[PDB]
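Take a look at this single chain, the form deposited in one PDB entry, given in structure tokens.
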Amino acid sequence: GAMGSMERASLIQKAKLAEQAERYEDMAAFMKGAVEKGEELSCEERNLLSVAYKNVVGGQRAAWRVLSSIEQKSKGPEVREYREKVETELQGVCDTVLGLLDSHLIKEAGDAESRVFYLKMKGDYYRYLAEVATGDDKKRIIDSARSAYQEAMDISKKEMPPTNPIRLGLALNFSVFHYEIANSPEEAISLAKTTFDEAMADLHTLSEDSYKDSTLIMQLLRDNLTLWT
């Protein structure tokens, strides 16, 4: 790979420079190179990886939605063709992330924070593939996303407190999966309510560091619940 000749520490440094310059495609490429060195990522390095690829795929998803909305309720082939181009690029980025998770990052060892973080990421990027897939492929992708999310949930409920921001963000995303991807509004609503309820019941045991982080996500859960009811 193009980063094979660069020192791990220099790749991390350059990822941070790319973030400052808002060059997220570069940032993701540096972090991919760092992952491929084969060593575990620190918490700070996990966040760099996630920020980089979330920004890359976030832009592709937003474009795909723009084009898909123009295509729907609308003729020449141009809009479909360009929507398909964006879709293909998006799938390529998701396949890269999922390959990195499988080949390097998801392991039986390590603390709960790291194991849940990577399994949630796996569920998220399968969910992004599901947003654009059709037919038998979409059914396979949905089951893969569910399986990853459920493995992350099983860990988070045994190894993390109900106010932990990673556990909360996982439940939030899995409930979105239930509502938007899996056609299971009742499971989405249930999961989001239970998750909010149990966070609220334990809010007094919250360490200052993770106050804003926790309540921000609790806010997102409630605002989704407003919509699904």
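So that the term is clear: the rigid core is the largest set of C-alpha atoms that superpose within 1.5 Å between two forms. One-based numbering along the sequence shown.
Next on the checklist: What about residue 75, left without coordinates in a third or more of the other entries of this protein that model its neighbours?
Outcome noted: Yes.
Checklist entry - Unmodelled stretch from the deposited sequence between residue 88 and residue 89, which bin: none, 1 to 3, 4 to 9, 10 or more? => result Gap between residue 88 and residue 89: none.
Next on the checklist: Mean CA temperature factor from the deposited coordinates, higher in 91 to 99 or in 108 to 116?
Outcome noted: In the deposited entry, the stretch with the higher C-alpha B-factor mean is 108 to 116.
Checklist entry - Which wins on mean Cα temperature factor, 9 to 17 or 213 to 221? => result The deposited B-factors put 213 to 221 ahead on the C-alpha mean.
Item to check | Peak C-alpha temperature factor (PDB record), options 53, 196, 64, 30 | outcome: When the deposited C-alpha B-factors of 53, 196, 64, 30 are compared, 196 is largest.
Checklist entry - Lowest, middle or highest third of the chain for the C-alpha temperature factor of residue 60? => result Lowest third, going by the recorded CA B-factors of the chain.
Next on the checklist: Quick check for you: using the entry's CA B-factors within this chain, is residue 81 in the lowest, middle or highest third?
Outcome noted: Tercile = lowest for this residue's CA B-factor.
Checklist entry - Among the modelled residues of its chain, does the C-alpha B-factor of residue 45 lie in the lowest, middle or highest third? => result It falls in the middle third of the chain.
Next on the checklist: By the recorded C-alpha temperature factor, relative to the other modelled residues in its chain, which third is residue 26 in?
Outcome noted: Lowest third - that is where residue 26 ends up once the chain's C-alpha B-factors are sorted.
Checklist entry - Lowest, middle or highest third: where is residue 166 by C-alpha B factor in its chain? => result Its C-alpha B-factor, which the entry lists for residue 166, ranks in the middle third among residues of this chain.
The discussion below concerns the form deposited in another entry, not included here.
Next on the checklist: If I superpose the two forms on their rigid core, does the C-alpha of residue 92 end up displaced by 2 Å or more between this form and the one not shown?
Outcome noted: Shift of 2 Å or more: no.
Item to check | Per-residue C-alpha change between this form and the one not shown, residue 25, threshold 2 Å, rigid core fit | outcome: It does not, since the residue 25 C-alpha is displaced less than 2 Å between this form and the one not shown after the core fit.
Checklist entry - Is residue 157 one of the residues whose Cα moves 2 Å or more between this form and the one not shown, with the core superposed? => result The answer is no, as the C-alpha of residue 157 shifts between this form and the one not shown by less than 2 Å after core alignment.
Checklist entry - What happens to the Cα distance from residue 207 to residue 114 in that other deposited form: does it get closer or farther than here, with a change of 3 angstroms or more? => result Farther apart, which means the C-alphas of residue 207 and residue 114 are at least 3 Å more distant in that other deposited form.
Checklist entry - Shorter or longer C-alpha distance for residue 33 and residue 108 in that other deposited form, given it differs from this form by 3 Å or more? => result It is closer: in that other deposited form, the C-alpha atoms of residue 33 and residue 108 lie at least 3 Å nearer than they do here.
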